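Listed below, chain by chain, are the residues.
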Amino acid sequence: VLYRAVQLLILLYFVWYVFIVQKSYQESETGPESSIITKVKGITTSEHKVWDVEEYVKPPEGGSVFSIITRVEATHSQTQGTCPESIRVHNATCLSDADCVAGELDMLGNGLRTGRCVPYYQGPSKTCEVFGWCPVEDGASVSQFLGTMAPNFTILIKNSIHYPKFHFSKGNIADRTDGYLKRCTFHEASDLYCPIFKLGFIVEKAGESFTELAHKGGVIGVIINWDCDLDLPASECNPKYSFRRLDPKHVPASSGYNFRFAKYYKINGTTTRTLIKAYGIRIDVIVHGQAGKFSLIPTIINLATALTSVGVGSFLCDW
Amino acid sequence: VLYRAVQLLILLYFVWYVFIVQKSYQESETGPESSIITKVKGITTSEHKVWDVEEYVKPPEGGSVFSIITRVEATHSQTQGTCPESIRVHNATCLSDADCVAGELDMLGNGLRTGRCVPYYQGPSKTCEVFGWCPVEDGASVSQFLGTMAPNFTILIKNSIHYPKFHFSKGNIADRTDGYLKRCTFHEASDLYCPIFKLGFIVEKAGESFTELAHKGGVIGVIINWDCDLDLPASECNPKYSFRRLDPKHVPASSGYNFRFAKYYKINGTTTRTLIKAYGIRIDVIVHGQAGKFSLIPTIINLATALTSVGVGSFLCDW
Amino acid sequence: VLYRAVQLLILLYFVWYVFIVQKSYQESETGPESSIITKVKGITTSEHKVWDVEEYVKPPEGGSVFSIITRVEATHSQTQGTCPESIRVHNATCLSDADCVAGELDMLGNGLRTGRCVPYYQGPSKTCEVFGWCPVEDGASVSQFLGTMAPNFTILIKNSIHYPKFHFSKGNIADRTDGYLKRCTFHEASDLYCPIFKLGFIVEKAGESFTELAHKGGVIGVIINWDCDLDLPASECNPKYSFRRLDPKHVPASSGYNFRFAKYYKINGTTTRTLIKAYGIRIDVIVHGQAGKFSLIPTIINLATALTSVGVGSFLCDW
Ligand SMILES: Nc1ncnc2c1ncn2[C@@H]1O[C@H](COP(=O)(O)OP(=O)(O)OP(=O)(O)O)[C@@H](O)[C@H]1O
Ligand SMILES: Nc1ncnc2c1ncn2[C@@H]1O[C@H](COP(=O)(O)OP(=O)(O)OP(=O)(O)O)[C@@H](O)[C@H]1O
Ligand SMILES: Nc1ncnc2c1ncn2[C@@H]1O[C@H](COP(=O)(O)OP(=O)(O)OP(=O)(O)O)[C@@H](O)[C@H]1O
Ligand SMILES: *[C@@H]1O[C@H](CO)[C@@H](O)[C@H](O)[C@H]1NC(C)=O
Ligand SMILES: *[C@@H]1O[C@H](CO)[C@@H](O)[C@H](O)[C@H]1NC(C)=O
Ligand SMILES: *[C@@H]1O[C@H](CO)[C@@H](O)[C@H](O)[C@H]1NC(C)=O
Ligand SMILES: *[C@@H]1O[C@H](CO)[C@@H](O)[C@H](O)[C@H]1NC(C)=O
Ligand SMILES: *[C@@H]1O[C@H](CO)[C@@H](O)[C@H](O)[C@H]1NC(C)=O
Ligand SMILES: *[C@@H]1O[C@H](CO)[C@@H](O)[C@H](O)[C@H]1NC(C)=O
């Protein structure tokens, strides 16, 4: 009697919870192979200047990680030569030539001290003279904002995962002969397979301000989750998109994202460059995937564990 | 009697299957630390032009992901200025100046509309005038094929994995004083430790056409699997190379791989650029590794589980 | 009696080892989401030349993988044209025009053979003439060492991990209003949250020589481990930094790390370039993370397994 009832209870528990909920009856491959091919579109304008994708999207190869430049501090006509050192560099400020010694090379400085003391770019102060790429950015840079139309920029993310154990492959764009991808807007439900995202949409879904992230910069992750149950039709294994900032926002020291790159020229045989400090939004496309398909081995093993505890549950009910 | 036979059967099952097949007696580290150092070699020629690795391999730092450019659509002598808008842009075509309004900036366009209507690059049509990088690519581009000798290109992939738990490190190139790496060709068996692959070989092993992948572009994965059994000599833990396309081929919208980059110049003090749209093959080197080494803890734990079910198997044989 | 003692022993074993040591009572997420924002600082000087971060740090976007150039072999004034082929290329050396045939394009060569035989850059030898980027590097390159002050370079690594299951996020820089990050030096204990590392410090902690790694090049991994116990205060989940070389050092063929990039100019309307072969140290920032937080489900399941073997341990003590 109670032995039979205990049998029924222990069985029901095992069957239902373990198999139907923990999916103990399926072999699982956590971590697929993914390809991410990103393409940004959108043009923005500064003072008498039109910026295109080639200028703000760095790197340009169209991969999982890329930065959209929203603000630049550019120093033009830089050449090897002597110029006053940045006033922000330690021991820069000087009152006479005796206050600067020749040959010091601060790692945080902008060149090799010449031993002299020259007037600063903006008087009346004076700073130690250095040899290097001149003029220095902190005395000759001009700032441009090119993120006025960045929220209207778009980012097509092409993702294709693979499960080698299960030989399953699925992408995030459907095979449609119509011009869907040319006239579609991503939606979690209606347009899940239109992976074209507005930058403003991504920023909002991450709960951030576009003014703050366009001024200081930062990193937003585009997370794609493929939680696939391969015992069901492939129409069931769809992408899940999540947008969240990956860099700190409450920490003033670690908040922001900027980098420096230069464009090199040759004017009258002399190598000149334009140094650009770029504050922008780094977009990181993170792809997570877990797939499970029914296999007889896990089934038999976990059924054996189920019968095993059924037994002990019965013998303790006696004991 | 039958209790003894049941004991023998249950034991044999546990010992053989669990330990000898599931490797329950080994602690396993899934996912090593890998370094991938790729170097492409090969020169290809266009009309009165020889292309080298620096031109087609982008990025050039020699990492796990890189693109080999097989076809380019290059627009030369681009400068900020006014030019007819691409006829492919919406609302571009115009019949009089009244049909174009000043100040509109389409994100999918190529600049800021001037309010005028000018003759197109190829008559007799007319398109709205825009300010931006001019002339636009869709009216001044010239196409070059530089993949004629890409199948003969070679890709040296240097891989070195590490298992921190097991303090095991192995690379895919052997310590040989002879000039093996200068005269060797990869083979799955005879030359497994000559990781120099022809691009045509990679493309064929992926089951793709080099004409199709040289015209549209795409992504091929070079997957290296290190399934190491560290209870055996290190000579046993070798790489396994797999080649397969990672981007869709049956989906016209998501099929292909292209990117745009530019070369910037300064002619008479004016910043001019050459815009290049590059169709190429992206090579992705994916490294998978699983290692196991015998440990006493898993051994004792799984032996305890083995004896545990031996028991229940015996008590149910009674019951 | 002995049944009671056996009960006590089996229980103590299960409780202590399994829960208190194996953490069977916690759900665990292996592998977080991490953002790495690297910024190198430091200037180095060659013969009448000051190198800055923009010149040696490639790529410059500030990511997990980047290379610091310590030595360059630069070939200047390269243009499409005819020049002697490198003597190191097979079948290059020639004694008369009949020894070179027109049209051959060696993949390991530097251009298309013209059919002629011209004097080499350094006599008295002669080599087959080729068309391509000329002059070739092996006959016109000049070597510069720019790693004299690389050990004094610094690398700020900003890391922020996330556990989506546990909704936990922590970074490696603390929220301090003082100028700590401007005056701090990393220390495993006192300054764990000052993620600014000297390159020499990284190289030493990897057990390498800076002379050897500055001459040949190589790859050093900066591994950050976040082993977090989320049942404890967040002040307990701190980073663990490990430095180790990822590329082989005992294998002459696979030892080193170099890449080629070029700077393109236009002199008198002709596209000229400077080809640079860069030997440098590739810094790879690898982030590992494992987190566990107490959950009732694993607790009940593993407690059931504990009682299960307690039983069998008891029935075998009888049997
Ligand atoms: N960032 C984007 N926003 C909106 N639409 C895009 C974006 N990137 C690409 N597309 C469109 O979606 C399709 C996929 O782009 P893809 O690069 O594969 O083809 P394409 O037509 O060669 O690209 P392009 O638009 O540069 O010519 C193309 O039709 C393209 O116009
Ligand atoms: N893509 C490739 N195909 C064939 N052989 C290669 C390739 N890349 C490198 N090698 C050869 O294999 C060895 C490894 O190249 P590595 O870059 O480590 O040394 P290297 O001699 O300095 O390279 P390089 O050939 O540019 O001088 C070198 O001898 C090089 O000639
Ligand atoms: N490699 C480095 N070595 C030492 N200090 C650094 C390094 N990189 C950045 N810092 C300092 O630590 C802080 C973090 O740098 P971050 O780029 O976030 O801000 P920043 O002040 O805009 O950088 P920058 O120093 O280029 O102006 C800044 O105060 C910066 O001066
Ligand atoms: C440079 O800085 C140090 C430390 O503050 C200071 O002692 C020294 O006097 C400074 N240099 C000169 C020439 O004043
Ligand atoms: C995109 O542009 C429209 C105007 O065409 C504007 O209303 C909208 O706010 C823009 N998107 C932003 C800024 O999020
Ligand atoms: C621009 O496109 C819209 C939508 O097709 C159309 O209504 C409008 O008339 C077009 N512009 C002009 C000036 O025709
Ligand atoms: C490589 O070149 C040879 C001729 O030297 C040619 O026969 C072969 O087909 C090429 N490889 C390709 C195109 O796969
Ligand atoms: C080119 O190399 C091959 C192989 O060594 C050799 O047989 C041939 O004679 C060489 N070319 C000439 C013209 O000598
Ligand atoms: C950094 O510079 C100091 C001198 O200012 C020198 O003593 C030290 O050795 C350098 N770091 C190196 C080379 O590791």
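Residues numbered from 1 in each chain as written, not as in the entry; some residues may be left out. Chains lettered and ligands numbered in written order. Heavy atoms only, no water. Residues with missing side-chain atoms left out of burial classes, pairs and counts.

- In terms of determination method and resolution, the entry is listed under cryo-EM at 2.55 Å.

**A look at the packing of aromatic side chains**
Okay, so step 1: In the structure shown here, the tally under the stated rule is 48 aromatic pairs over all chains.
Okay, so step 2: Pairing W16 of chain A with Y17 of chain A gives two aromatic rings, centres 6.4 Å apart and planes at 65 degrees, and the pair type is edge-to-face.
Okay, so step 3: The buried category is assigned to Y17 of chain A, whose relative accessible area is 14%.
Okay, so step 4: In this structure an aromatic cluster arises from ring pairing among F186, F197, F201, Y241 and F243 of chain A.
Okay, so step 5: Sitting over the ring of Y180 of chain A, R176 of chain A keeps its end group 3.8 Å from the ring centre.
Okay, so step 6: If you follow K263 of chain B out to its NZ or CZ, it ends over the ring of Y264 of chain C, 3.7 Å from the centre. (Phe/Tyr/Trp six-rings, centres within 6.5 Å; stacked < 30°, edge-to-face > 60°. Buried < 20%, exposed > 50% of the residue type's maximum accessible area, 1.4 Å probe, protein only. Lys NZ or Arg CZ within 6 Å of the ring centre and 35° of its normal.)

**Brief notes about the relation of the copies chain C and chain B**
Okay, so step 1: It takes a turn of 120 degrees to lay chain C on chain B, together with a shift of 0.1 Å along the axis; the resulting RMSD is 0.0 Å. Such values leave the two copies arranged in the relation of a three-fold axis. It is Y265 of chain C whose C-alpha, among those of chain C, lies nearest the rotation axis, at 3.7 Å.
Okay, so step 2: Interface residue correspondence from chain C to chain B reaches only 8%, placing this contact among heterologous pairings that use different surfaces. (Least-squares fit on C-alpha atoms. Contact = heavy atoms within 4.5 Å.)

**Thoughts on the UniProt feature "binding site: ATP" in chain A**
Okay, so step 1: As annotated by UniProt and renumbered to match this structure, "binding site: ATP" occupies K39, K41, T154, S254, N258, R260 and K277 of chain A. A maximum C-alpha distance of 29.3 Å is found for the annotated residues, which run over 239 residues; spatially they are spread out rather than grouped.
Okay, so step 2: Within the fold, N258 of chain A resides in strand β15 (residues 258-267).
Okay, so step 3: Not counting the four nearest positions on each side in its chain, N258 of chain A is found in contact with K277, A278 and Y279 of chain A together with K39 of chain C. (UniProt positions renumbered as here; feature names shortened; annotations may be inferred. Helix = DSSP H or I, 4+ residues; strand = E, 2+ residues; numbered from the N terminus.)

**Topic: the interface of chain B and chain A**
Okay, so step 1: Taken together, the contact pairs 49 residues of chain B with 43 residues of chain A.
Okay, so step 2: Between chain B and chain A, the buried area comes to about 3600 Å², and carbon and sulfur atoms account for 61% of it.
Okay, so step 3: When residues of chain B are sorted by the area they lose upon contact with chain A, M107, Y264 and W319 of chain B head the list and together hold 16% of the total.
Okay, so step 4: At the boundary of chain B and chain A, one finds 2 salt bridges.
Okay, so step 5: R273 of chain B is the partner of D52 of chain A in a salt bridge, and the nearest nitrogen-oxygen pair spans 2.6 Å.
Okay, so step 6: If you look at where chain B meets chain A, you find 15 residue pairs in polar contact.
Okay, so step 7: For the side of chain B that touches chain A, the secondary structure elements donating two or more residues are α1 (2-22), β8 (126-134), β13 (218-229), β15 (258-267), β16 (270-294) and α6 (296-318) of chain B.
Okay, so step 8: Along the lines of polarity and charge, the residues of the side of chain B that touches chain A split into 26 nonpolar, 14 polar and 9 charged. (Buried area = accessible area lost by both parts, 1.4 Å probe. Salt bridge = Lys/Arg side-chain N within 4 Å of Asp/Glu carboxyl O. Polar contact = N/O pair within 3.5 Å; in protein donor to acceptor, adjacent residues only side chain to side chain. Nonpolar A, V, L, I, M, F, W, Y, C, P; charged D, E, K, R; others polar.)

**Some remarks on the site of ligand 2**
Okay, so step 1: For ligand 2, the set of nearby residues contains 14 residues, the closest of which are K39, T154 and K182 of chain B together with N258 and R260 of chain C.
Okay, so step 2: Nearby residues around ligand 2 are contributed by chains B and C.
Okay, so step 3: In this structure, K158 of chain B approaches ligand 2 through a side-chain N or O atom, which is 3.4 Å from an oxygen atom.
Okay, so step 4: Within the side chain of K182 of chain B, a nitrogen or oxygen atom sits 3.2 Å from an oxygen atom of ligand 2.
Okay, so step 5: Considered on its own, ligand 2 offers 570 Å² of accessible surface; in the complex 80% of this is hidden by protein.
Okay, so step 6: Every element with two or more residues in the shell around ligand 2 is listed here: β2 (33-41) and β10 (154-163) of chain B together with β15 (258-267) of chain C.
Okay, so step 7: Top contributing element to the shell around ligand 2 by residue count: β10 of chain B, with 4 residues.
Okay, so step 8: Along the lines of polarity and charge, the residues of the shell around ligand 2 split into 6 nonpolar, 2 polar and 6 charged. (Near = heavy atom within 4 Å. Areas by Shrake-Rupley, 256 points an atom, 1.4 Å probe, with all protein chains shown as cover.)

**Considerations on the relation of the copies chain B and chain A**
Okay, so step 1: Between chain B and chain A, which share one sequence, the superposing operator has a rotation angle of 120 degrees and an axial displacement of 0.1 Å; the RMSD is 0.0 Å.
Okay, so step 2: The residues that chain B uses at the interface reappear at the interface of chain A in only 8% of cases, marking distinct surfaces.

**Structural notes on the UniProt feature "disulfide bond" in chain A**
Residues and elements named next belong to chain A.
Okay, so step 1: Checking the UniProt disulfide annotation for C94 and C117 gives a sulfur-sulfur distance of 2.0 Å, short enough (under 2.5 Å) to count the bond as formed. Remark: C117 occurs in strand β7 (residues 112-119) and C94 occurs in the loop between β6 (65-84) and β7; sequence separation between them is 23 residues.
Okay, so step 2: You can call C94 buried: its relative accessible area is 4%.
Okay, so step 3: Judged by the under 2.5 Å criterion, the sulfur atoms of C228 and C237, which UniProt pairs in a disulfide, are close enough at 2.1 Å to be bonded in these coordinates. (Disulfide = S-S within 2.5 Å.)

**A few points about the nonpolar core**
In summary, soluble globular proteins display a tendency toward joint burial of nonpolar side chains.
Residue and element names in this part refer to chain C.
Okay, so step 1: Grouped together as the largest cluster of nonpolar side chains are 60 residues, with contacts concentrated most on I68, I155, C228 and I283.
Okay, so step 2: Top contributing element to this core by residue count: strand β16 (residues 270-294), with 8 residues.
Okay, so step 3: Once residues within four sequence positions are removed from consideration, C228 is found in contact with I161, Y163, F168, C237, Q290, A291 and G292. (Core = buried A, V, L, I, M, F, W, Y, C linked by side-chain atoms within 4.5 Å.)

**Comments concerning the pattern of salt bridges**
Okay, so step 1: Counted under the stated rule, the structure contains 45 salt bridges over all chains.
Okay, so step 2: Residue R71 of chain B pairs with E73 of chain B through a salt bridge whose shortest N-O separation is 3.4 Å.
Okay, so step 3: In this structure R71 of chain B comes out as buried when scored by relative accessible area, which is 8%.
Okay, so step 4: A relative accessible area of 24% means that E73 of chain B is categorised as partly exposed.
Okay, so step 5: Residue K240 of chain B is joined to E188 of chain B by a salt bridge in which the shortest nitrogen-to-oxygen separation is 3.9 Å. Here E188 of chain B lies in the loop between β11 (168-171) and β12 (196-198) and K240 of chain B lies in strand β14 (residues 240-245), a separation of 52 residues in the sequence.
Okay, so step 6: Classification of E188 of chain B as exposed rests on a relative accessible area of 55%.
Okay, so step 7: Taken together, the shared-partner salt bridges in this structure form one network comprising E208, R245, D247 and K249 of chain A.

**Let's talk about the site of ligand 3**
Okay, so step 1: As a matter of local geometry, ligand 3 sits amid 14 residues, with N258 and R260 of chain A together with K39, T154 and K182 of chain C nearest to it.
Okay, so step 2: Taken together, the residues near ligand 3 originate from chains A and C.
Okay, so step 3: Here a nitrogen atom of ligand 3 and a side-chain polar atom of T154 of chain C are 2.9 Å apart.
Okay, so step 4: A distance of 3.4 Å is found between an oxygen atom of ligand 3 and a side-chain nitrogen or oxygen belonging to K158 of chain C.
Okay, so step 5: Within the complex, 80% of the 570 Å² of free accessible area of ligand 3 lies under protein.
Okay, so step 6: When residues of the shell around ligand 3 are traced back to their parent elements, those giving at least two are β15 of chain A together with β2 (33-41) and β10 (154-163) of chain C.

**With respect to the state of the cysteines**
Residues and elements named next belong to chain C.
Okay, so step 1: By the definition in use, this model includes 15 disulfides over all chains.
Okay, so step 2: Disulfide pairing is shown between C228 and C237; the S-S distance is 2.1 Å.
Okay, so step 3: Overall, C228 belongs to the buried group, its relative accessible area being 5%.
Okay, so step 4: Here the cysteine-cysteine linkages of chain A are recorded as 1-6, 2-4, 3-5, 7-8, 9-10, numbering only bonded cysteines and doing so in sequence order.

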